[PDB]
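Comments concern the structure below.
2 protein chains.
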Amino acid sequence: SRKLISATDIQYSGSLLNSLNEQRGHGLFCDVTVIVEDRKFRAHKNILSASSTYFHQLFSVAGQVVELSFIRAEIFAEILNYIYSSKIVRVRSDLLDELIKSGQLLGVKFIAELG
Amino acid sequence: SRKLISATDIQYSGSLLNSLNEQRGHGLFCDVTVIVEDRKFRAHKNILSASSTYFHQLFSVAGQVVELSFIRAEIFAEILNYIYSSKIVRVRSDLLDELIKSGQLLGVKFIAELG
Numbered sequence: 003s004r005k006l007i008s009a010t011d012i013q014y015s016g017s018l019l020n021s022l023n024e025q026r027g028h029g030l031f032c033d034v035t036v037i038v039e040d041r042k043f044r045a046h047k048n049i050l051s052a053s054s055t056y057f058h059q060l061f062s063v064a065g066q067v068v069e070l071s072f073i074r075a076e077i078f079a080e081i082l083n084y085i086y087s088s089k090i091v092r093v094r095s096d097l098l099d100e101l102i103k104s105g106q107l108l109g110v111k112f113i114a115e116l117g
Numbered sequence: 003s004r005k006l007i008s009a010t011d012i013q014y015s016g017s018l019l020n021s022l023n024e025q026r027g028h029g030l031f032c033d034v035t036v037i038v039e040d041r042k043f044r045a046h047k048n049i050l051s052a053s054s055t056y057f058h059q060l061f062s063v064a065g066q067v068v069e070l071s072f073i074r075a076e077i078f079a080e081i082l083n084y085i086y087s088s089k090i091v092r093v094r095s096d097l098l099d100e101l102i103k104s105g106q107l108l109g110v111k112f113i114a115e116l117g
């Protein structure tokens, strides 16, 4: 009579990511600023550490502000869009090699392997 | 010749959640402790706020420690497992109404609607 119940919510992810992405737009709960060229990006260390082997290593020590070289701000903006959505959307073809290179550098496997 | 590229990573979610759940087990990046009965649960405010309408309201103000009444610790442990996985796994049938009630209270829709 002792039954065990299992259930999986296939809509949970998309909904969770969309809310995290909304928080990010407000800077809500953001505990790191990433400076890339002349731009500052507020983000959450837990999400960055989980999705990028570079950030995983970096946030075992870091403070509240970190800086990235060799990646243009608009490329990193797109890497963050993927990190907060699972998708890249209508990226211009002439930015693709730069995007792939940035995912190689950050250890973001899906992006690293687009090419 | 100007092409736009889109791509969706269907494995991103499961991988992201598993890493977040691993961080949680270490207390890594956890910025809130939730006290439930005689237990303390370390968790991340961003994930809790995104997945629970109650935590969404609560963390617009709160400090670093919050407390929940009316939910047993082992029920909340299972709510957190769902929040950090999308799934409930082999929950005993005699705990199900308590689980559903806890998701109603926390505004965790999938759990609230299990019954």
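Chains A and A' are the protein sequences, given in the same order. A prime marks a further copy of an entry chain.
If you count by PDB author numbering, then the first sequence holds residues 3 to 117, one letter each, in order.
If you count by PDB author numbering, then the second sequence holds residues 3 to 117, one letter each, in order.
The beta carbon of each residue, even a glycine, is placed where N, CA and C say it ideally should be.
Item, Value
"Put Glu-76(A') into one of helix, strand or coil per three-state DSSP.", "helix"
"Quick one: measure Cβ to Cβ for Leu-98(A) and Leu-116(A), integer angstroms, because I've assumed they're closer than 8 Å.", "7 Å"
"Please check the pair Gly-105(A') and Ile-85(A'), which I expect to be a contact at CB under 8 Å, by giving their CB distance rounded to whole angstroms.", "Going by Cβ atoms, the distance from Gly-105(A') to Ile-85(A') rounds to 10 Å, so no, they are not a contact pair."
"Can you check whether the C-beta of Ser-104(A') is within less than 9 Å of a C-beta belonging to chain A?", "no"
"Listing by chain order, which chain A' residues have their CB less than 9 Å from the CB of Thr-35(A)?", "What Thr-35(A) touches in chain A': nothing, since even the nearest Cβ is about 15 Å away."
"Pick out whichever of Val-38(A), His-46(A), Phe-61(A) has its Cα sitting closest to the Cα of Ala-75(A).", "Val-38(A)"
"Establish whether the CB of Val-67(A) and some CB of chain A' are separated by less than 9 Å.", "no"
"So if DSSP puts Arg-94(A') in a beta bridge, which residue, or which two residues, is it bridged to?", "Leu-6(A)"
"Examine chain A for any beta-carbon lying closer than 9 Å to the beta-carbon of residue 1(A'), and answer yes or no.", "This structure leaves residue 1(A') out entirely; chain A' is present only between 3 and 117."
"Could you work out which residues of chain A lie near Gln-25(A'), taking near to mean beta carbons separated by less than 9 Å?", "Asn-48, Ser-51, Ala-52"
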